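Have a look below at one chain only, the form deposited without the named molecule, in structure tokens format.
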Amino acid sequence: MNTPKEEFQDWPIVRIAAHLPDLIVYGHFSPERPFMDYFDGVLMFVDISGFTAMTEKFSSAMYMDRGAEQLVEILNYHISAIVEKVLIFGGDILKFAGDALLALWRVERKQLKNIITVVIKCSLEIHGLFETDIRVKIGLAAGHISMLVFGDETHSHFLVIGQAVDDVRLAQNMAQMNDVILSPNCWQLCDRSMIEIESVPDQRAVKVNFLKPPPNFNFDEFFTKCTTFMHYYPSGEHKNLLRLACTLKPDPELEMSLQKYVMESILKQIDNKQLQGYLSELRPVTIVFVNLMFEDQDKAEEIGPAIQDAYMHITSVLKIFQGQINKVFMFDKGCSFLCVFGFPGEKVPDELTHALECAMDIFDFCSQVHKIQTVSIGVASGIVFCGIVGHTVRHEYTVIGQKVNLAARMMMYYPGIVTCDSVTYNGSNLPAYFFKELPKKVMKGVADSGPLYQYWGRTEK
């Protein structure tokens, strides 16, 4: 009697799970919104802005109308290598953005010390991929972490929150290229016998100079011991897979839950109802970047309902014009929604006027939400790269480009108001007294932004 080799792991549920971390795939939590949970872990923030800054080169006519295709190819080649390292070291990739990937090792508190060593080693091997002009910067943090899941009956989003999340970003912003920077708490919790550090000026974070373990240390055996505490590390019959999630079987109630995190156009591709290459494009869009600041952004029990309330209103406003939420994340200050008008063939006429009117609606509503202290919205319009970025087994749809960066910086450097770039102002054709021409500010990563404006709105008020 024959025993043919198992073949099928390419079901829709598996394809959906590529777009999500294990935190959600295996999370099994209530469908109640907001949902909050609390745990401990180590975070790795990998700054990949050296890679994503290539968007402007691939906009050149030298690329003969295949810029987007060539960009996604080269970006995924490099980003895949990072993803593989993270996954083989037992991490969970939580999110990708144009500037960063964020990864988590969730563990019981007693094991943080040893897991930090694993994550340091992983970080050093990531840097080793790129020795020899593209490099990364790594921030590490550890401690208490909160998770928030928000959404409605058809859409779900998650965030991780708290001081360790704030810390990993602060650590990464301190790093130079090639550096691994530990948060103050990470340094407090780590195994100091493993590593040599130096101080970072005006900072309690430290830089890892060397991982130099004791004479009898064996990293492979140490790692094996550490896998005891990694719930989903592929093992046994499945030790050849990068993710347990590659083994997921059809389960309609699970797929119902998971698909709510994924854009409809991505699901269309997953269902083989759209060509696999259709979402890789350089296309004109309008970015609406919404930042919500809170009295204390580390307390999920306070900021969770506020985010949910804001999200309900944002989604209703975006619905009217097929705007989408591409990403949500915590910045140093606040919770940010990266909204896009124009992307998977969702491109309405008057995209500009509508974008500004939607921004103002969002600003007005969110300003009155309990516990939201300041709302700031940046609106920028131009060509951006759109595509699924990452590895075959772990990837996400992402938007990358100067105008994304510009809208992000506008909302931080012009807090408390709705701002727009020159493309948006000029194109709207709305009367000029609906705007105010703003002072020019020098902004991180932004080379001449052009004139910027406040959207003051219809009335003098």
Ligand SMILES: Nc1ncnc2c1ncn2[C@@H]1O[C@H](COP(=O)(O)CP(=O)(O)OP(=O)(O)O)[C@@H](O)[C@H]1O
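Superpose the two forms; the largest set of C-alphas matching within 1.5 Å is the rigid core. Only residues modelled in both forms are compared. Numbering starts at 1 and follows the sequence shown.
Below, we refer to the form deposited with the named molecule bound, which is not included among the displayed structures.
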### Query
Taking the pose of the named molecule in the deposited complex and superposing the surrounding C-alphas, is this site open or blocked by backbone or C-beta atoms within 2.4 Å of 3 or more ligand atoms?
blocked
### Residue contact check: residue 33 to the named molecule in the deposited complex, 4.5 Å heavy atom
no
### Task
Decide whether residue 399 counts as a contact residue for the named molecule in the deposited complex under a heavy atom distance cut-off of 4.5 Å.
yes
### Task
May I ask you to state whether residue 106 is within 4.5 Å of the named molecule in the deposited complex, using heavy atom distances?
no
### Task
Look up in the deposited complex whether residue 169 has a non-hydrogen atom within 4.5 angstroms of the named molecule, and give yes or no.
yes
### Message
Within 4.5 angstroms, counting heavy atoms, which one of the listed stretches 34 to 42, 48 to 56, 432 to 440, 419 to 427 is next to the named molecule in the deposited complex?
### Response
48 to 56
### Query
Quick one: of 112, 226, 310, 338, which gets a non-hydrogen atom within 4.5 angstroms of the named molecule in the deposited complex?
338
### Query
Just one of 351, 357, 99, 179 has a heavy atom within 4.5 angstroms of the named molecule in the deposited complex, so which one?
99
### Query
Does anything in 312 to 341 come within 4.5 Å of the named molecule in the deposited complex by heavy atoms, and if so which residues, in order?
329, 331, 338
### Query
Which is the one residue in 36, 53, 423, 412 whose C-alpha moves 2 Å or more between the shown form and the other one, relative to the superposed rigid core?
53
### Task
Looking in the deposited complex, decide if the C-alpha atoms of residue 446 and residue 52 are closer or farther than in the form shown; they differ by 3 Å or more.
closer
## Note on the structure
After superposing on the rigid core, the runs of 3 or more consecutive residues whose C-alphas all shift by 2 Å or more between the shown form and the other one are 49 to 53
